[PDB]
Amino acid sequence: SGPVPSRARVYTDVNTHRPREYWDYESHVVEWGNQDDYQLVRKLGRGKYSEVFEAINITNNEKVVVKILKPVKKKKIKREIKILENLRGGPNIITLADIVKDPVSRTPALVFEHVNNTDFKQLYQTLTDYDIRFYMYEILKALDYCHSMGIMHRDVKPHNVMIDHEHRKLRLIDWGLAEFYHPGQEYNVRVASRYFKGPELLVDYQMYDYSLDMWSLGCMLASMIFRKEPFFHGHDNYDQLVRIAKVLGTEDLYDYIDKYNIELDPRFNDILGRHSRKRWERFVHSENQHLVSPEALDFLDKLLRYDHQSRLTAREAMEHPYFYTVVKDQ
Ligand SMILES: O=S(=O)(NCCCCCNCc1ccc(-c2ccccc2)c(Cl)c1)c1cccc2cnccc12
């Protein structure tokens, strides 16, 4: 027979207890606002599934951001809208202001709150140890919130974290890949950027949960404290697991596969080989040492586990010694 089932350790049944309409996004009816309320100012960026503009709401002269969606199935747009509405007002979640349609293109556009996000090239050369702890804590507040609300982000990465450094403000954006957690549900593993994919995705284990986000977060943390972006630099999805195995070791990987009775693609049998679990010390050097602490390494170790069940929860992560200074401030 097949893979062993799995349940989230936390927030397992939060959706089952909510009215169906909370999570049953196929039933959601979108209220479209008026495109004529917004005038586009400049293009900010492009993504797989959208073009992003700065715009002005001419009703009230507010700066806003418009995300014009490339063609996607109605149900995927409904999912993102429902999730954004459910999460609206939660800590460090992007605020969806409005939803409009071009009545000639028929293209849908999401309208967001404007966040003054800070030069990408620039700020990186200045991140102190404190800054990294602080912003990691801010991301964890967003993740604990969305997890507690029954939602997996499933695409946590630097591109999806806006920082307004002047205001010490952070927002988690791009909820287009997020999904509701239901115990027993088999999810699509073809999510997330290669470098941030959890082992569960790479081995095709479908019964995953919130803990996916914690792997992605660990990848981010490693890249920041070690000044190595990306940390796990695979050539493709197969090689991505090999890069992980060269760090975490193959013994624990095969233990995970055994525990869940996962059927490993035969492609992997050739290429995984045999690798020791490496000490984190091999990534420390004179340039990055100011970012690296016993605390940082202990925390990182507890995010980056093959076994999704063994990873810290968001709320556990927030209680780690890595954050004691930040917590004492607030
Ligand atoms: O296309 S966009 O204009 N631009 C996407 C945002 C840029 C992402 C920049 N990443 C910053 C970042 C993050 C974390 C980090 C970092 C910090 C601490 C620890 C580890 C890593 C570090 Cl070091 C850097 C856009 C797209 C969609 C919605 C938008 C809504 N309102 C404005 C812009 C929007």
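With ideal geometry, Cβ positions are generated from the backbone for all residues, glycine too; neighbour counts draw on all protein chains shown. Each reported figure results from applying straightforward, stated rules to the coordinates on display, with no laboratory input.
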(message) Could you compute Rg(Cα) / (2.2 N^0.38 Å) for the chain, with N its residue count?
(response) 1.03
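In deg cm²/dmol and to the nearest 500, what is the mean residue ellipticity at 222 nm of the chain if only DSSP H runs of at least 4 residues count, each as -39500 (n - 2.57), divided by the residue total? Please report the intermediate quantities before stating the final value.
Numbers: 12 runs with 112 residues, N = 330.
That calculation yields -9500 deg cm²/dmol at 222 nm.
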(message) For a quick check, take a GNM of the chain with Cα springs below 10 Å and name the residue from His308, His233, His285 with the largest mean-square fluctuation.
(response) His285
(request) Sort the following peptides by mean Cβ neighbour count (other Cβ atoms within 10 Å, averaged over residues), highest first: 99-109, 293-303. (result) 293-303, 99-109
(request) Enumerate the residues in the stretch 96-133 having an amide nitrogen under 19 Å from the point lying 7 Å beyond the Cα of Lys73 toward its Cβ. (result) 108
(message) What whole-number distance in Å separates the alpha-carbon centres of the stretch 69-93 and the stretch 312-330?
(response) 29
(request) Could you run the Karplus curve 6.51 cos²θ - 1.76 cosθ + 1.60 with θ = phi - 60° over the stretch 41-48 and give me ³J(HN,Hα) per residue in whole Hz, x for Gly and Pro? (result) 9, 7, 6, 9, x, 10, x, 3
(request) Step through the residues of the stretch 18-34 one at a time and calculate ³J(HN,Hα) from phi using the Karplus curve (6.51 cos²θ - 1.76 cosθ + 1.60, θ = phi - 60°), rounding each to whole Hz and writing x for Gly and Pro. (result) 7, x, 3, 4, 4, 10, 8, 5, 4, 7, 5, 9, 7, 8, 6, x, 9
(message) As I understand it, the value is the acute angle between the Cα axis of helix 294-303 and the longest principal axis of the Cα atoms of the chain; what does it come to in degrees, rounded to 10?
(response) 80
(request) Calculate, for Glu295 and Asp164, the FRET efficiency according to 1/(1 + (r/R0)^6) with r their C-beta to C-beta distance and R0 41 Å; round to the nearest 0.05. (result) 0.95
(request) Restrict the search to the stretch 42-74; then list the trypsin sites (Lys or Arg not before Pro) that DSSP places in a loop and that have at most 13 other Cβ atoms within 10 Å of their Cβ. (result) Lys48, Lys73
(message) Give the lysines whose C-alpha is closer than 26 Å to that of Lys228, dropping any in the same chain fewer than 8 places away, or say none.
(response) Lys48, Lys121, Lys141, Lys157, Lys169, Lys197, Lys246, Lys278, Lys302
(message) Tell me the angle of helix 237-248 to the major Cα principal axis of the chain, expressed in degrees between 0 and 90 and rounded to the nearest ten.
(response) 50
(message) How big is the stretch 96-198 along each principal axis, measuring the range of its Cα positions in Å and listing the largest first?
(response) 43, 41, 26
(message) I want to check the label-to-label distance for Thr107 and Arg18. Put each point 7 Å from Cα in the C-beta direction and report it in nm to one decimal.
(response) 3.0
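Please list 151-161, 242-252 highest first by mean number of surrounding beta-carbon atoms within 10 Å per residue. Working shown, then result.
Details: 151-161: 21.8, 242-252: 18.6.
Put in order of decreasing packing, that is 151-161, 242-252.
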